[PDB]
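In: here come the first chain(s), positioned as in the complex:
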Amino acid sequence: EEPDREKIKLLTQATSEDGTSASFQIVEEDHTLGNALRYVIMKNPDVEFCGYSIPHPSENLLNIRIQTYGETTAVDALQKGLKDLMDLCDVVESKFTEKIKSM
């Protein structure tokens, strides 16, 4: 089993050991996932702050920040931000196949 640990990196120069405040540095990304992920995280009511910022468009990096009220870390809020965006891309597709077949 071979992990690919380039794609996530929690910047510990911005993360408290409370876990409720952290800062993820994604690589190989852009506005494509970022706004789409951030919209999903902002529906979890325990998320007090969530925004993305591309640092510079020349290199393909990505920084998002998540702050929570407590009782959920940034990582337990990041995964549910990704766990729903999986399902939200299936509710689109399954609704979409059912409309092709009626023509």
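Out: On my side now, so go ahead. Numbers count the residues shown, from 1 in each chain, chains lettered A, B, ... in the order given.

In: which parts of stretch A:45-54 count as buried, going by neighbours?
Out: A:47, A:50, A:52 (16 or more other C-beta atoms under 10 Å). C-beta coordinates here come from the backbone N, C-alpha and C atoms, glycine included.

In: please disregard the earlier target; I meant stretch A:63-78.
Out: A:63-68, A:72-74, A:76-78.

In: with distance to residue A:34 added, can I get the buried residues of stretch A:45-54 in TSV?
Out: Shown next, in TSV, are the buried residues of stretch A:45-54 (distance: C-beta to C-beta, whole Å):
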residue	distance to residue A:34
A:47	15
A:50	11
A:52	4
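
In: nearest to residue A:17, of the residues you listed?
Out: residue A:47 (19.2 Å; C-beta to C-beta).

In: which residues are in contact with the closest one?
Out: A:41, A:66-68, A:72, A:77 (C-beta atoms under 8 Å, 6 or more residues apart in numbering).

In: farthest pair in the buried residues of stretch A:63-78?
Out: A:63 and A:72 (20.3 Å).

In: any chance of CSV for the buried residues of stretch A:45-54, columns secondary structure and distance to residue A:19?
Out: Below are the buried residues of stretch A:45-54 laid out as CSV (DSSP: H, G, I helix; E, B strand; the rest coil; distance: C-beta to C-beta, whole Å):
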residue, secondary structure, distance to residue A:19
A:47, strand, 13
A:50, strand, 15
A:52, strand, 20
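
In: which of these lies closest to residue A:33?
Out: residue A:52 (8.6 Å).

In: then chain B, please:
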Amino acid sequence: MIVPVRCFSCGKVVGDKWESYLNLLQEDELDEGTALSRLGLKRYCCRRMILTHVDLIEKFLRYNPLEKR
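Out: So, slotting chain B in with the rest:
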């Protein structure tokens, strides 16, 4: 030079329609815009590639360095 393959802004393949305006005026014998309307002519974000193109490759080919005369 020759007609570009792809529309620059939009991206539709435009190596297709360069050839119907003699026959629009010899076989169809119209005026300009009536012949500039029918045959699949649709978007003035790429309808330019009819009006705008020059096709300077015809002026080069008369300078063949490989044929007698």
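
In: since we added chain B, can you redo the contacts of residue A:47?
Out: Contacts here follow C-beta atoms under 8 Å, 6 or more residues apart in numbering or on different chains; on that basis residue A:47 touches A:41, A:66-68, A:72, A:77.

In: ok, 7 Å please
Out: A:41, A:66, A:68, A:77 (C-beta atoms under 7 Å, 6 or more residues apart in numbering or on different chains).

In: can you tell me which of these is nearest residue B:42?
Out: Closest approach between those and residue B:42, by C-beta to C-beta: residue A:41, at 42.3 Å.

In: just send the contacts of residue A:47 back as JSON lines, with distance to residue A:22 and secondary structure too.
Out: As requested, those are exported to JSON lines (distance: C-beta to C-beta, whole Å; DSSP: H, G, I helix; E, B strand; the rest coil):
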{"residue": "A:41", "distance to residue A:22": "12", "secondary structure": "helix"}
{"residue": "A:66", "distance to residue A:22": "6", "secondary structure": "strand"}
{"residue": "A:68", "distance to residue A:22": "9", "secondary structure": "strand"}
{"residue": "A:77", "distance to residue A:22": "9", "secondary structure": "helix"}
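
In: could those residues be laid out in CSV, adding distance to residue A:18?
Out: CSV is the format used below for these (distance: C-beta to C-beta, whole Å):
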residue, distance to residue A:18
A:41, 18
A:66, 12
A:68, 9
A:77, 13
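
In: and those residues, which two are the farthest apart?
Out: Of all pairs in the contacts of residue A:47, the most separated under C-beta to C-beta is A:41 and A:68 at 9.9 Å.

In: overlap in contacts, these two.
Out: A:47, A:77.

In: centre-most residue in chain A?
Out: Of all residues in chain A, the one closest to the mean position by C-alpha atoms, centre = their mean is residue A:37, 4.3 Å from it.

In: okay, now chain C:
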Amino acid sequence: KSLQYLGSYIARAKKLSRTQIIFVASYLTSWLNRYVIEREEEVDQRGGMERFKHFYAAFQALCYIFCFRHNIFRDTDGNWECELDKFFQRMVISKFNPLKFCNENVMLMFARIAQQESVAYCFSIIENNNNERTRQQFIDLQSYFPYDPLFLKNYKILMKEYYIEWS
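Out: This next block brings in chain C, placed alongside the chains you saw above:
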């Protein structure tokens, strides 16, 4: 590095006395309990866990004594030197979690020995690291065991008499 040099020295040496082993670990438990009064309530102030780099590398090097030299510590009855199911069993559940900040390999060796030796029960707490889990050059010292076996085929013929293997 010296404590890292010291930790893989004892358990990778065939020819020592069986009381030279003790005084090293006697002092090395003495320092960790000279450590209790001062910096074991300074934890929760505004800082980092990298303040105590000197501590966890020592407790790593102390765990590597017990990993491949534990039966020497066995007395007549089966008790331990200064009750190592009270010394370690405090520092298993201390306010550092030194089970987390030492090396992952040698702490895995510890609970997969302390299960079959009944000194600690820290496999639960290593399992209890789910969501919470200058670092890259701090891994690299904790994996530098200086007394690994020699791969070269010719000089270990001399060192087949002075050295304990992975067995």
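
In: re-run the earlier check on the contacts of residue A:47 with chain C in the model.
Out: Residue A:47 neighbours (C-beta under 7 Å, 6+ apart): A:41, A:66, A:68, A:77.

In: ok, what's across the strand from the third one?
Out: Partner residues in beta bridges with residue A:68, using DSSP bridges, are residue A:47.

In: quick one: contacts for it?
Out: A:20, A:46-48, A:74, A:77.

In: re earlier: mind checking how far the nearest residue to the residue nearest to the centre of chain A once chain neighbours are set aside is from residue C:132?
Out: Leaving out its chain neighbours, the residue that sits closest to residue A:37 by C-beta to C-beta, 6 or more residues apart in numbering or on different chains is residue A:81, at 5.7 Å. Distance, residue A:81 to residue C:132, using C-beta to C-beta, to the nearest Å: 18 Å.

In: the two: which is more packed in?
Out: Per other C-beta atoms under 10 Å in any protein chain shown, whichever of residue A:81 and residue C:132 has more neighbours is residue A:81, with 22 against 11.

In: the more buried one: which element?
Out: helix A:74-100 (DSSP states H and E).

In: buried residues in that helix, which are they?
Out: A:74-78, A:80-81, A:85 (16 or more other C-beta atoms under 10 Å in any protein chain shown).

In: that one: how far from the chain's middle?
Out: Helix A:74-100 sits 12 Å away from the centroid of its parent chain (C-alpha atoms, centre = their mean, to the nearest Å).

In: what residues does chain A put near chain C?
Out: A:19, A:73, A:75-76 (C-beta under 7 Å from any C-beta of the partner chain).

In: in TSV: these, plus distance to residue C:39.
Out: Shown next, in TSV, are those (distance: C-beta to C-beta, whole Å):
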residue	distance to residue C:39
A:19	23
A:73	27
A:75	29
A:76	31
